[PDB]
file input_21.csv (CSV, C-alpha atoms and all ligand atoms)
chain,number,residue,atom,x,y,z
A,3,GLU,CA,-128.1,109.4,-32.0
A,4,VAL,CA,-128.5,107.3,-35.1
A,5,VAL,CA,-131.0,104.8,-33.8
A,6,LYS,CA,-133.3,107.6,-32.5
A,7,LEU,CA,-132.8,109.5,-35.8
A,8,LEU,CA,-134.2,106.5,-37.8
A,9,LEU,CA,-137.0,105.8,-35.3
A,10,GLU,CA,-138.2,109.5,-35.4
A,11,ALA,CA,-141.8,109.7,-36.6
A,12,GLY,CA,-143.3,112.3,-38.9
A,13,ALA,CA,-146.7,113.7,-38.7
A,14,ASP,CA,-148.1,113.6,-42.3
A,15,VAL,CA,-151.9,113.1,-42.7
A,16,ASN,CA,-154.3,113.1,-45.6
A,17,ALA,CA,-154.8,116.8,-45.6
A,18,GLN,CA,-153.2,119.1,-48.3
A,19,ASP,CA,-150.8,121.7,-47.0
A,20,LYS,CA,-150.7,125.2,-48.5
B,20,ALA,CA,-184.2,102.7,-31.3
B,21,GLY,CA,-187.9,103.3,-31.8
B,22,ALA,CA,-188.0,100.2,-34.0
B,23,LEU,CA,-186.9,102.3,-37.0
B,24,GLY,CA,-185.6,99.1,-38.7
B,25,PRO,CA,-182.1,98.1,-39.7
B,26,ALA,CA,-180.0,101.3,-40.0
B,27,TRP,CA,-178.3,99.8,-43.0
B,28,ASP,CA,-177.9,96.4,-44.7
B,29,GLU,CA,-175.0,94.5,-46.3
B,30,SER,CA,-176.3,95.2,-49.8
B,31,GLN,CA,-174.9,98.7,-49.4
B,32,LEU,CA,-171.3,97.4,-48.9
B,33,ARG,CA,-168.8,97.1,-51.7
B,34,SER,CA,-167.3,93.7,-52.4
B,35,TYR,CA,-163.6,92.9,-51.9
B,36,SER,CA,-161.3,90.0,-52.1
B,37,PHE,CA,-160.1,89.7,-48.5
B,38,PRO,CA,-161.7,88.5,-45.2
B,39,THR,CA,-162.3,90.7,-42.2
B,40,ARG,CA,-163.3,90.4,-38.6
B,41,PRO,CA,-165.3,93.1,-36.7
B,42,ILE,CA,-163.8,95.9,-34.7
B,43,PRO,CA,-165.3,95.9,-31.1
B,44,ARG,CA,-168.2,98.3,-30.4
B,45,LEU,CA,-168.0,99.3,-26.7
B,46,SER,CA,-169.0,101.9,-24.2
B,47,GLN,CA,-166.3,104.4,-23.3
B,48,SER,CA,-166.9,103.3,-19.7
B,49,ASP,CA,-166.0,99.7,-20.6
B,50,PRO,CA,-162.4,98.8,-19.3
B,51,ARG,CA,-161.8,96.8,-22.5
B,52,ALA,CA,-162.2,100.0,-24.5
B,53,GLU,CA,-159.5,101.7,-22.4
B,54,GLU,CA,-157.4,98.6,-22.9
B,55,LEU,CA,-157.7,98.8,-26.7
B,56,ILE,CA,-156.7,102.4,-26.9
B,57,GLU,CA,-153.8,102.1,-24.5
B,58,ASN,CA,-152.5,99.2,-26.7
B,59,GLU,CA,-153.1,101.2,-29.9
B,60,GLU,CA,-155.8,98.9,-31.3
B,61,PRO,CA,-158.9,100.1,-33.0
B,62,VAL,CA,-162.2,100.4,-31.1
B,63,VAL,CA,-165.6,101.9,-31.9
B,64,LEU,CA,-166.9,104.0,-28.9
B,65,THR,CA,-170.7,104.3,-29.0
B,66,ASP,CA,-171.4,106.8,-26.2
B,67,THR,CA,-168.6,109.4,-26.0
B,68,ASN,CA,-170.8,112.4,-26.9
B,69,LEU,CA,-167.6,113.7,-28.5
B,70,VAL,CA,-169.5,115.7,-31.2
B,71,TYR,CA,-173.0,115.6,-29.7
B,72,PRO,CA,-173.8,119.2,-30.7
B,73,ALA,CA,-172.8,118.4,-34.3
B,74,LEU,CA,-175.4,115.6,-34.7
B,75,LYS,CA,-177.9,118.2,-35.7
B,76,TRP,CA,-175.7,119.1,-38.7
B,77,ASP,CA,-177.0,118.9,-42.2
B,78,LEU,CA,-176.2,120.8,-45.4
B,79,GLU,CA,-178.9,123.5,-44.6
B,80,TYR,CA,-177.7,124.1,-41.0
B,81,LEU,CA,-174.0,124.3,-42.2
B,82,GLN,CA,-174.6,126.5,-45.2
B,83,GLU,CA,-176.5,128.9,-42.9
B,84,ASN,CA,-173.9,128.9,-40.1
B,85,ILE,CA,-170.5,127.7,-41.3
B,86,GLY,CA,-169.5,131.1,-42.7
B,87,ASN,CA,-168.0,132.2,-46.0
B,88,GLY,CA,-164.5,130.8,-45.9
B,89,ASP,CA,-163.1,128.7,-48.6
B,90,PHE,CA,-163.7,124.9,-48.6
B,91,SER,CA,-161.5,122.4,-50.5
B,92,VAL,CA,-163.9,120.3,-52.6
B,93,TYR,CA,-162.4,117.4,-54.5
B,94,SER,CA,-164.0,116.2,-57.7
B,95,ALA,CA,-163.6,112.9,-59.4
B,96,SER,CA,-165.2,110.9,-62.2
B,97,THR,CA,-164.6,107.8,-60.1
B,98,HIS,CA,-165.8,106.7,-56.6
B,99,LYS,CA,-162.1,106.5,-55.4
B,100,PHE,CA,-160.8,109.7,-53.9
B,101,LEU,CA,-157.2,108.7,-53.7
B,102,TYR,CA,-155.3,111.3,-51.7
B,103,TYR,CA,-152.2,112.8,-53.3
B,104,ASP,CA,-149.8,115.5,-52.1
B,105,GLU,CA,-149.8,118.3,-54.6
B,106,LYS,CA,-146.4,119.4,-53.4
B,107,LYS,CA,-144.7,116.1,-54.5
B,108,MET,CA,-146.2,116.1,-58.0
B,109,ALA,CA,-142.9,117.6,-59.4
B,110,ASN,CA,-141.1,114.4,-58.5
B,111,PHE,CA,-143.5,112.2,-60.6
B,112,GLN,CA,-144.6,114.3,-63.6
B,113,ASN,CA,-146.0,111.1,-65.2
B,114,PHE,CA,-148.6,111.1,-62.4
B,115,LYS,CA,-152.0,112.3,-63.6
B,116,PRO,CA,-154.4,112.6,-60.6
B,117,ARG,CA,-157.9,111.3,-61.0
B,118,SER,CA,-159.4,113.8,-58.6
B,119,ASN,CA,-159.0,117.6,-58.6
B,120,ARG,CA,-159.1,120.1,-55.8
B,121,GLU,CA,-161.3,123.2,-56.2
B,122,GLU,CA,-161.8,125.9,-53.6
B,123,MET,CA,-165.3,127.3,-53.2
B,124,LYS,CA,-167.8,128.7,-50.7
B,125,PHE,CA,-170.0,126.3,-48.8
B,126,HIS,CA,-173.2,127.3,-50.6
B,127,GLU,CA,-171.3,126.7,-53.9
B,128,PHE,CA,-170.6,123.2,-52.7
B,129,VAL,CA,-174.3,122.6,-51.9
B,130,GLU,CA,-175.4,124.1,-55.2
B,131,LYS,CA,-172.9,122.1,-57.2
B,132,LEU,CA,-174.0,119.1,-55.2
B,133,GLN,CA,-177.6,120.0,-56.1
B,134,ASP,CA,-177.0,120.3,-59.8
B,135,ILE,CA,-175.4,116.9,-60.1
B,136,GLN,CA,-178.3,115.3,-58.4
B,137,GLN,CA,-180.8,117.0,-60.8
B,138,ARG,CA,-178.8,116.2,-64.0
B,139,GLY,CA,-178.2,112.6,-62.9
B,140,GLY,CA,-174.5,113.2,-63.5
B,141,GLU,CA,-171.8,110.8,-62.7
B,142,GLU,CA,-169.4,113.4,-61.3
B,143,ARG,CA,-168.6,112.9,-57.6
B,144,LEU,CA,-167.6,115.4,-54.9
B,145,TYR,CA,-165.9,115.1,-51.5
B,146,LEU,CA,-165.5,118.1,-49.2
B,147,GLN,CA,-162.4,117.8,-47.0
B,148,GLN,CA,-161.7,121.0,-45.1
B,149,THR,CA,-159.8,121.8,-41.8
B,150,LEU,CA,-162.0,123.7,-39.4
B,151,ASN,CA,-160.6,127.2,-38.6
B,152,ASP,CA,-161.4,130.6,-37.3
B,153,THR,CA,-163.7,131.6,-40.2
B,154,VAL,CA,-166.6,129.5,-39.1
B,155,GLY,CA,-169.8,131.3,-38.1
B,156,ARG,CA,-171.0,131.9,-34.6
B,157,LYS,CA,-173.3,128.9,-34.1
B,158,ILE,CA,-170.6,126.5,-35.4
B,159,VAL,CA,-168.2,127.9,-32.9
B,160,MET,CA,-170.7,127.2,-30.1
B,161,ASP,CA,-171.2,123.7,-31.4
B,162,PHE,CA,-167.4,123.2,-31.5
B,163,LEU,CA,-167.1,124.4,-27.9
B,164,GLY,CA,-169.7,121.9,-27.0
B,165,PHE,CA,-167.7,118.9,-28.0
B,166,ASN,CA,-166.6,116.6,-25.2
B,167,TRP,CA,-163.2,118.1,-24.6
B,168,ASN,CA,-163.2,116.7,-21.1
B,169,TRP,CA,-163.2,113.1,-22.4
B,170,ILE,CA,-160.8,113.6,-25.3
B,171,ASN,CA,-158.4,115.8,-23.4
B,172,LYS,CA,-158.1,113.1,-20.8
B,173,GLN,CA,-157.4,110.6,-23.5
B,174,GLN,CA,-154.7,112.8,-25.0
B,175,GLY,CA,-153.1,113.1,-21.5
B,176,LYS,CA,-153.4,109.4,-20.6
B,177,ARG,CA,-151.7,108.4,-23.9
B,178,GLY,CA,-149.0,111.0,-23.8
B,179,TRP,CA,-150.0,112.3,-27.2
B,180,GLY,CA,-148.9,115.6,-28.6
B,181,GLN,CA,-151.1,118.5,-29.7
B,182,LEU,CA,-154.4,118.4,-31.5
B,183,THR,CA,-153.2,119.5,-34.9
B,184,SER,CA,-156.5,119.6,-36.9
B,185,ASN,CA,-160.2,118.7,-37.1
B,186,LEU,CA,-161.0,117.7,-40.7
B,187,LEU,CA,-164.6,118.2,-41.8
B,188,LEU,CA,-165.6,115.5,-44.2
B,189,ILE,CA,-168.8,115.6,-46.3
B,190,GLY,CA,-169.1,113.0,-49.0
B,191,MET,CA,-171.6,111.5,-51.4
B,192,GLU,CA,-173.0,108.0,-51.0
B,193,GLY,CA,-170.6,105.5,-52.5
B,194,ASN,CA,-167.5,107.7,-52.1
B,195,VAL,CA,-164.3,105.8,-51.1
B,196,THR,CA,-161.1,107.0,-49.6
B,197,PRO,CA,-158.6,104.3,-50.6
B,198,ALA,CA,-156.5,102.5,-48.1
B,199,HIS,CA,-153.7,104.5,-46.4
B,200,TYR,CA,-152.1,105.2,-43.0
B,201,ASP,CA,-151.6,108.5,-41.2
B,202,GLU,CA,-148.7,109.6,-39.0
B,203,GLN,CA,-151.1,110.9,-36.3
B,204,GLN,CA,-153.6,109.5,-33.8
B,205,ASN,CA,-157.2,109.9,-34.9
B,206,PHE,CA,-160.6,109.9,-33.2
B,207,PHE,CA,-163.0,109.6,-36.2
B,208,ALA,CA,-166.3,111.1,-35.2
B,209,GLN,CA,-169.3,110.1,-37.4
B,210,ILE,CA,-172.1,112.7,-37.6
B,211,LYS,CA,-174.4,111.9,-40.5
B,212,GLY,CA,-174.9,108.8,-42.6
B,213,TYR,CA,-172.9,105.6,-42.4
B,214,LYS,CA,-169.2,104.9,-43.2
B,215,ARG,CA,-167.7,101.4,-43.6
B,216,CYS,CA,-164.2,101.4,-42.1
B,217,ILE,CA,-161.7,98.6,-42.9
B,218,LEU,CA,-158.5,98.8,-40.9
B,219,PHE,CA,-155.3,96.8,-41.3
B,220,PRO,CA,-152.6,96.7,-38.5
B,221,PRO,CA,-149.1,98.1,-39.2
B,222,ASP,CA,-147.6,94.7,-39.6
B,223,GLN,CA,-149.4,94.2,-42.9
B,224,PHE,CA,-147.1,96.7,-44.6
B,225,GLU,CA,-145.9,93.9,-46.7
B,226,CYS,CA,-149.4,93.2,-48.1
B,227,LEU,CA,-150.5,96.7,-48.9
B,228,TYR,CA,-147.6,98.1,-50.9
B,229,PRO,CA,-147.5,101.9,-50.2
B,230,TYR,CA,-146.2,104.2,-52.9
B,231,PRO,CA,-142.6,105.5,-52.6
B,232,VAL,CA,-142.2,108.1,-49.9
B,233,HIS,CA,-141.5,110.8,-52.5
B,234,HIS,CA,-144.5,109.8,-54.7
B,235,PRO,CA,-147.5,112.1,-54.4
B,236,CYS,CA,-149.5,109.2,-53.0
B,237,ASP,CA,-147.0,108.6,-50.1
B,238,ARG,CA,-148.7,106.5,-47.3
B,239,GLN,CA,-151.5,105.3,-49.7
B,240,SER,CA,-151.7,101.7,-50.9
B,241,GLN,CA,-150.9,101.0,-54.6
B,242,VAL,CA,-153.3,98.1,-54.6
B,243,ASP,CA,-156.6,98.7,-56.5
B,244,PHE,CA,-159.0,97.1,-54.0
B,245,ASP,CA,-161.5,96.8,-56.9
B,246,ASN,CA,-159.0,94.8,-59.1
B,247,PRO,CA,-155.9,93.8,-57.2
B,248,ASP,CA,-152.9,93.0,-59.4
B,249,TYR,CA,-151.8,89.9,-57.7
B,250,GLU,CA,-148.7,89.6,-59.9
B,251,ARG,CA,-147.3,93.0,-58.7
B,252,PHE,CA,-148.8,92.7,-55.2
B,253,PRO,CA,-148.8,89.0,-54.4
B,254,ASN,CA,-148.9,89.4,-50.6
B,255,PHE,CA,-152.2,91.3,-50.9
B,256,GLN,CA,-153.6,87.7,-51.0
B,257,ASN,CA,-152.7,87.5,-47.3
B,258,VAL,CA,-154.3,90.7,-46.2
B,259,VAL,CA,-156.9,90.5,-43.4
B,260,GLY,CA,-158.9,93.5,-42.2
B,261,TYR,CA,-160.7,94.8,-39.1
B,262,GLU,CA,-164.1,96.1,-40.2
B,263,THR,CA,-167.0,98.2,-38.8
B,264,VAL,CA,-169.7,100.6,-39.9
B,265,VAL,CA,-169.9,103.8,-37.9
B,266,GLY,CA,-173.1,105.9,-37.8
B,267,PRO,CA,-174.2,109.1,-36.1
B,268,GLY,CA,-172.7,109.2,-32.6
B,269,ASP,CA,-170.0,106.6,-33.1
B,270,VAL,CA,-166.3,107.4,-32.6
B,271,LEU,CA,-163.7,105.1,-34.2
B,272,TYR,CA,-160.2,105.2,-32.8
B,273,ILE,CA,-157.9,104.8,-35.8
B,274,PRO,CA,-154.5,104.3,-34.2
B,275,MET,CA,-151.5,105.9,-35.8
B,276,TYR,CA,-149.9,103.9,-38.6
B,277,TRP,CA,-153.0,101.7,-39.0
B,278,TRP,CA,-154.1,101.4,-42.5
B,279,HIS,CA,-157.8,102.3,-43.1
B,280,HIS,CA,-160.1,102.1,-46.1
B,281,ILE,CA,-163.2,104.3,-45.7
B,282,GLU,CA,-166.3,104.2,-47.8
B,283,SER,CA,-169.7,106.0,-47.6
B,284,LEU,CA,-172.4,103.4,-47.8
B,285,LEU,CA,-174.1,102.9,-51.2
B,286,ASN,CA,-177.5,104.5,-51.4
B,287,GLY,CA,-177.0,105.9,-47.9
B,288,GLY,CA,-177.2,109.6,-48.7
B,289,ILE,CA,-174.5,112.1,-47.8
B,290,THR,CA,-172.1,111.4,-44.9
B,291,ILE,CA,-170.6,113.9,-42.4
B,292,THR,CA,-167.6,113.2,-40.3
B,293,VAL,CA,-165.2,115.3,-38.1
B,294,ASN,CA,-161.9,113.7,-37.1
B,295,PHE,CA,-159.5,114.6,-34.4
B,296,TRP,CA,-155.8,114.4,-35.4
B,297,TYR,CA,-153.2,114.3,-32.5
B,298,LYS,CA,-149.4,114.1,-32.8
B,299,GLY,CA,-148.2,110.8,-31.5
B,300,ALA,CA,-146.2,110.3,-28.3
B,301,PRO,CA,-142.4,110.9,-28.7
B,302,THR,CA,-140.1,108.0,-29.2
B,303,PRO,CA,-139.4,106.6,-25.8
B,304,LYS,CA,-136.1,107.1,-23.9
B,305,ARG,CA,-135.2,103.4,-23.8
B,306,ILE,CA,-135.8,101.2,-26.9
B,307,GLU,CA,-137.2,97.7,-26.3
B,308,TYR,CA,-136.2,95.0,-28.8
B,309,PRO,CA,-137.6,93.3,-30.9
B,310,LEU,CA,-139.0,96.5,-32.4
B,311,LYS,CA,-142.7,96.9,-33.1
B,312,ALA,CA,-144.0,97.0,-36.7
B,313,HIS,CA,-144.7,100.7,-36.6
B,314,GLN,CA,-141.2,101.5,-35.4
B,315,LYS,CA,-140.0,99.6,-38.5
B,316,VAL,CA,-142.3,101.6,-40.7
B,317,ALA,CA,-140.8,104.8,-39.2
B,318,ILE,CA,-137.3,103.4,-40.0
B,319,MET,CA,-138.2,102.5,-43.6
B,320,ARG,CA,-139.7,106.0,-44.2
B,321,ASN,CA,-136.6,107.7,-42.8
B,322,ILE,CA,-134.3,105.5,-45.0
B,323,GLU,CA,-136.2,106.6,-48.1
B,324,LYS,CA,-136.2,110.2,-47.1
B,325,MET,CA,-132.5,110.3,-46.3
B,326,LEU,CA,-131.5,108.5,-49.6
B,327,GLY,CA,-133.6,111.0,-51.6
B,328,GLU,CA,-131.7,113.8,-49.9
B,329,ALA,CA,-128.2,112.3,-50.1
B,330,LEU,CA,-128.6,111.1,-53.7
B,331,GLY,CA,-129.9,114.6,-54.6
B,332,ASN,CA,-132.9,113.1,-56.5
B,333,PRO,CA,-135.8,110.9,-55.5
B,334,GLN,CA,-135.6,109.1,-58.8
B,335,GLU,CA,-132.3,107.5,-57.7
B,336,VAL,CA,-133.7,105.9,-54.5
B,337,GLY,CA,-135.2,102.9,-56.2
B,338,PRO,CA,-132.1,102.0,-58.3
B,339,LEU,CA,-129.8,102.3,-55.3
B,340,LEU,CA,-132.0,100.1,-53.1
B,341,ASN,CA,-132.2,97.4,-55.8
B,342,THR,CA,-128.4,97.5,-56.2
B,343,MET,CA,-128.2,97.0,-52.4
B,344,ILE,CA,-130.3,93.8,-52.3
B,345,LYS,CA,-130.0,92.0,-55.6
B,346,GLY,CA,-127.9,88.9,-55.1
B,347,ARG,CA,-127.0,90.2,-51.6
B,348,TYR,CA,-130.1,90.1,-49.4
B,349,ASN,CA,-132.6,88.3,-51.6
C,401,LIG,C1,-159.7,111.2,-45.3
C,401,LIG,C2,-160.2,110.3,-44.2
C,401,LIG,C3,-161.3,109.2,-44.4
C,401,LIG,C4,-162.7,109.6,-45.1
C,401,LIG,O1,-162.8,109.7,-46.3
C,401,LIG,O2,-163.6,109.7,-44.1
C,401,LIG,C5,-159.1,109.8,-43.3
C,401,LIG,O3,-158.3,109.0,-43.7
C,401,LIG,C6,-159.0,110.3,-42.1
C,401,LIG,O4,-160.0,110.9,-41.4
C,401,LIG,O5,-157.9,110.1,-41.5
C,402,ZN,ZN,-156.7,108.6,-42.9
call {"tool": "encode", "arguments": {"input": "input_21.csv", "output": "structure tokens", "more": "lines below"}}
Ligand SMILES: C[C@@H](CC(=O)O)C(=O)C(=O)O
Ligand SMILES: [Zn+2]
result
Amino acid sequence: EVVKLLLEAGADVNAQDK
Amino acid sequence: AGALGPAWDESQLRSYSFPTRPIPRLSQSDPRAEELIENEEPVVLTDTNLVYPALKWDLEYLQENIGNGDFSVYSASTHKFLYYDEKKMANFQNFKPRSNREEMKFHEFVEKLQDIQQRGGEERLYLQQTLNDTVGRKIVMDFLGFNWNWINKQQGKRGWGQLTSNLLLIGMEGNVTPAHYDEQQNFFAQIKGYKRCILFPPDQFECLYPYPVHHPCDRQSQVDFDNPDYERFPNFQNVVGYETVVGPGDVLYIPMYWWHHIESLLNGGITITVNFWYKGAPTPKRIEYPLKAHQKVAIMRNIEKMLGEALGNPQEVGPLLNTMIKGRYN
């Protein structure tokens, strides 16, 4: 559980959220 | 073609302190191109026809047809349009952004563009707006005419997630987006003008010194490429880039986590680009060691996120990390 928790990728990009 | 001369020349490129080697330019039918994408390495594809209907786009066509929605237009007194997350500015109130976002109609963008050209002003503009439902009829038809057959099969072959966004980018000659990495896969489709793209693989994290995760400039490099502070960022002296210049019709695969520095060529006129952002494939069932660089980047990000949460304040992340390592791991 912990190893996959740390490996989990986000999805942030250079586009401002509202 | 047609012996129209050199599309561009090296005089139009900015000067930097590091060496580079070229990104391959290949046909999408070339098996080496498929090899590079499958292995998440950058490649310029010359003949995808990905945005073929958009190659007729200029400011006139767009103003006439792109509708009357709001477009985010960034303004700066410098050529560097450093991205920052407005939502994280609370964590770093000593951070004064050098570019400002202004919503406006497309014709207002062209007009403001026009004024600056007339007055010889130094101000700079960079329109960066996600495409959405509000676009006019003819832009919808162009969008439908993109090569979805080709890019959909790429998305399926690579196990990627959904297309999240198409970012429309219209910039002035000389504009620069400083080095950063994105957490999504990107097909970077050049439409008008020429952009110089300098990429760095994920394993050069140590040389590019991103801001803290909770800083507004998360994922962007702290190094001023125009005047690198080698005492703060010594390993920037070891950085080596992959470089290319994309023009109308080219598509650059920018793999997820890869750093990229993008600049519109000096004296090249305006540039137009549309990118294709896809969520990456999920973390695999079985983990293979040693881990890849990008897996370590993901780990480092999550460590910073979790500590900011557990400590109840992002300002305490740094001090705790230093306490961990000083005289223990260094
Ligand atoms: C904002 C942009 C580059 C540019 O200024 O064209 C980028 O990083 C991207 O499309 O992911
Ligand atoms: Zn980017």
call {"tool": "closest_atom_pairs", "arguments": {"input": "input_21.csv", "of": "chain A", "to": "ligand LIG 401 (chain C)", "cutoff": "12 Å", "atoms": "all atoms listed in the file", "output": "JSON lines"}}
result
{"residue": "A:14", "atom": "CA", "partner": "C:LIG401", "partner_atom": "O5", "distance": 10.4}
{"residue": "A:15", "atom": "CA", "partner": "C:LIG401", "partner_atom": "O5", "distance": 6.8}
{"residue": "A:16", "atom": "CA", "partner": "C:LIG401", "partner_atom": "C1", "distance": 5.7}
{"residue": "A:17", "atom": "CA", "partner": "C:LIG401", "partner_atom": "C1", "distance": 7.4}
{"residue": "A:18", "atom": "CA", "partner": "C:LIG401", "partner_atom": "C1", "distance": 10.7}
call {"tool": "atom_distance", "arguments": {"input": "input_21.csv", "atom1": "atom CA of residue B:132", "atom2": "atom CA of residue B:91"}}
result
13.8 Å
call {"tool": "residues_near_ligand", "arguments": {"input": "input_21.csv", "ligand": "ligand ZN 402 (chain C)", "cutoff": "9 Å", "atoms": "all atoms listed in the file", "output": "PDB file with C-alpha atoms, keeping the file's coordinate frame"}}
result
ATOM      1  CA  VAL A  15    -151.900 113.100 -42.700  1.00  0.00           C
ATOM      2  CA  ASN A  16    -154.300 113.100 -45.600  1.00  0.00           C
ATOM      3  CA  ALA A  17    -154.800 116.800 -45.600  1.00  0.00           C
TER       4      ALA A  17
ATOM      5  CA  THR B 196    -161.100 107.000 -49.600  1.00  0.00           C
ATOM      6  CA  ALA B 198    -156.500 102.500 -48.100  1.00  0.00           C
ATOM      7  CA  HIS B 199    -153.700 104.500 -46.400  1.00  0.00           C
ATOM      8  CA  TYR B 200    -152.100 105.200 -43.000  1.00  0.00           C
ATOM      9  CA  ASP B 201    -151.600 108.500 -41.200  1.00  0.00           C
ATOM     10  CA  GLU B 202    -148.700 109.600 -39.000  1.00  0.00           C
ATOM     11  CA  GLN B 203    -151.100 110.900 -36.300  1.00  0.00           C
ATOM     12  CA  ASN B 205    -157.200 109.900 -34.900  1.00  0.00           C
ATOM     13  CA  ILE B 273    -157.900 104.800 -35.800  1.00  0.00           C
ATOM     14  CA  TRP B 277    -153.000 101.700 -39.000  1.00  0.00           C
ATOM     15  CA  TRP B 278    -154.100 101.400 -42.500  1.00  0.00           C
ATOM     16  CA  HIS B 279    -157.800 102.300 -43.100  1.00  0.00           C
ATOM     17  CA  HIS B 280    -160.100 102.100 -46.100  1.00  0.00           C
ATOM     18  CA  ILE B 281    -163.200 104.300 -45.700  1.00  0.00           C
TER      19      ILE B 281
END
call {"tool": "atom_distance", "arguments": {"input": "input_21.csv", "atom1": "atom CA of residue B:188", "atom2": "atom CA of residue B:153"}}
result
16.7 Å
call {"tool": "atom_distance", "arguments": {"input": "input_21.csv", "atom1": "atom CA of residue B:238", "atom2": "atom CA of residue B:65"}}
result
28.7 Å
call {"tool": "residues_around", "arguments": {"input": "input_21.csv", "residues": "stretch 4-6 of chain A", "least_positions_apart": "4", "cutoff": "10 Å", "atoms": "all atoms listed in the file", "output": "JSON, numbers by chain"}}
result
{"A": [10, 11], "B": [302, 303, 304, 305, 306, 318]}
call {"tool": "decode", "arguments": {"input": "input_21.csv", "residues": "stretch 3-15 of chain A", "atoms": "C-alpha atoms", "output": "mmCIF file, in the first residue's frame"}}
result
data_model
loop_
_atom_site.group_PDB
_atom_site.id
_atom_site.type_symbol
_atom_site.label_atom_id
_atom_site.label_comp_id
_atom_site.auth_asym_id
_atom_site.auth_seq_id
_atom_site.Cartn_x
_atom_site.Cartn_y
_atom_site.Cartn_z
ATOM 1 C CA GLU A 3 0.000 0.000 0.000
ATOM 2 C CA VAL A 4 2.741 2.441 0.977
ATOM 3 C CA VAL A 5 5.007 1.862 -2.030
ATOM 4 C CA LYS A 6 2.172 2.484 -4.486
ATOM 5 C CA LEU A 7 1.069 5.480 -2.410
ATOM 6 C CA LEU A 8 4.477 7.115 -2.884
ATOM 7 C CA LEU A 9 4.730 6.152 -6.571
ATOM 8 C CA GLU A 10 1.325 7.647 -7.413
ATOM 9 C CA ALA A 11 1.629 10.379 -10.035
ATOM 10 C CA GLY A 12 -0.301 13.625 -10.119
ATOM 11 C CA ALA A 13 -1.536 15.385 -13.235
ATOM 12 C CA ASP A 14 -0.551 19.041 -12.824
ATOM 13 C CA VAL A 15 0.255 21.018 -15.979
#
